[PDB]
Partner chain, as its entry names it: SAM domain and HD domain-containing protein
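Next up: a single chain in structure tokens, the form solved without its partner chain.
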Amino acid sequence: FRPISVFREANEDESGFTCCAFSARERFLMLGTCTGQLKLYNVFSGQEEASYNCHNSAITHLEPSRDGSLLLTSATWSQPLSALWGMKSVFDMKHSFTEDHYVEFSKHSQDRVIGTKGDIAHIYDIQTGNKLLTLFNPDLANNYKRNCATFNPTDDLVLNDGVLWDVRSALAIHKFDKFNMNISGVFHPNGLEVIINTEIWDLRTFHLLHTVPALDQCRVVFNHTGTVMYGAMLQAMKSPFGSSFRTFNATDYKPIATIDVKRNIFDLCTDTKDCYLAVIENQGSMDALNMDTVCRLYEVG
């Protein structure tokens, strides 16, 4: 972890970066702020290139599309909670998911949007904006406080509230027992495993393959080849995370490093070519009148 770059928000006595994601254009990072703005920064020079007020509440999530034509945002209390934007030449709104507080693109073919409203998931067409599916079964609900519905890498399976759904037939194929309050889980990029908190499950047997205690309460983020795995533990504008992140070998699940930046972490993401890790770290504390986040770029590398 060699530091390469650092910067704060331009013309702000209190920097308010809340989340980050690399743009499709190499050398440029996208950041949400607490004033619900989206900002394009040259990650090396720390120059602000563009800005736009997407919401009147803090950004909690953002996701650029791989072709750089579209972008998802999720705010805090502003209705609409989440929206889809276009960024071909001009920035503009395409659609708005009114009550969905968290949203993701499909992975293989990026033609659909998966939104989360508590325990319920909704799939939407990008072109038309229409609700195609609603995935929810009150009998199989685990009610994870931090549930995030998500597609597998081939877009034919969906994980929501600890239930694996077949999209084609829109039937719940398996329900995973609940062993924590908060984390709902992700697909491994190799699309053979499912990481639900400390438990790694096989998609072919539903057998427990690994117990990883160090992963407890981590929001997990992979590198783009899926050989490395970065976690930020939740706490027990307050940050969702504490001051340490952990790295793991993503094939055998052995720990590699536990960096403690000694500053609460807001978000953490990877470039397409597996050279860099951007991290939003807070110079303030919770009890500080204001946030003061910076963006640190480390090469891994």
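If you superpose the two forms and keep the largest set of C-alpha atoms that fall within 1.5 Å, you have the rigid core. Numbering follows the first chain given and starts at 1.
Chemist: Core-superposed in 4 other deposited structures of this protein, which stretch deviates more in Cα positions, 227-235 or 188-196?
Modeler: It is 227-235 that deviates more in 4 other deposited structures of this protein.
Chemist: Count up the deposited residues without coordinates from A236 to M237 and drop the result into none, 1 to 3, 4 to 9, or 10 or more.
Modeler: Gap size class: 10 or more residues without coordinates, per the record.
Chemist: Which is higher in the entry, the mean Cα B factor of 73-81 or that of 222-230?
Modeler: Per the PDB record, 222-230.
Chemist: Compare the mean C-alpha B-factor of 131-139 with that of 182-190 as given in the PDB entry, and name the stretch with the higher value.
Modeler: Higher of the two, by average CA B-factor, is 131-139.
Chemist: Sort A50, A250, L31, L268 by C-alpha B-factor from the entry and give me just the highest.
Modeler: Comparing C-alpha B-factors across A50, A250, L31, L268, the maximum falls on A250.
Chemist: Where does the C-alpha B-factor of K88 rank in its chain, lowest, middle or highest third?
Modeler: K88: CA B-factor falls in the highest third of its chain.
Chemist: According to the PDB entry, is the CA B factor of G36 in the bottom, middle or top third of its chain, that is, lowest, middle or highest?
Modeler: Lowest third.
Chemist: Is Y298 in the lowest, middle or highest third of its chain when residues are ranked by C-alpha B-factor?
Modeler: Answer is middle: the recorded C-alpha B-factor places it there.
Chemist: Check where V113 lands among this chain's C-alpha B-factors and tell me if it's the lowest, middle or highest third.
Modeler: According to the entry, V113 has a C-alpha B-factor in the chain's middle third.
Chemist: Rank-wise, by C-alpha B-factor, drop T18 into the lowest, middle or highest third of its chain.
Modeler: Answer is lowest: the recorded C-alpha B-factor places it there.
Keep in mind that the form deposited with its partner chain bound is missing from the display, and what follows is about it.
Chemist: Classify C54 as contacting or not contacting its partner chain in the entry with it bound by the rule of any non-hydrogen atom within 4.5 angstroms, answering yes or no.
Modeler: Close contact exists here: in the entry with it bound, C54 approaches its partner chain to within 4.5 Å, heavy atoms only.
Chemist: Does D177 reach its partner chain in the entry with it bound if we count a contact as any heavy atom within 4.5 Å?
Modeler: No, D177 sits far enough from its partner chain in the entry with it bound that none of its heavy atoms falls within 4.5 Å.
Chemist: Should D92 be counted as a contact of its partner chain in the entry with it bound, where contact means heavy atoms within 4.5 Å?
Modeler: Yes, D92 is a contact residue.
Chemist: Within 4.5 Å, heavy atoms only: does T35 come near its partner chain in the entry with it bound?
Modeler: Looking in the entry with it bound, residue contacts with its partner chain include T35, since a heavy atom lies within 4.5 Å.
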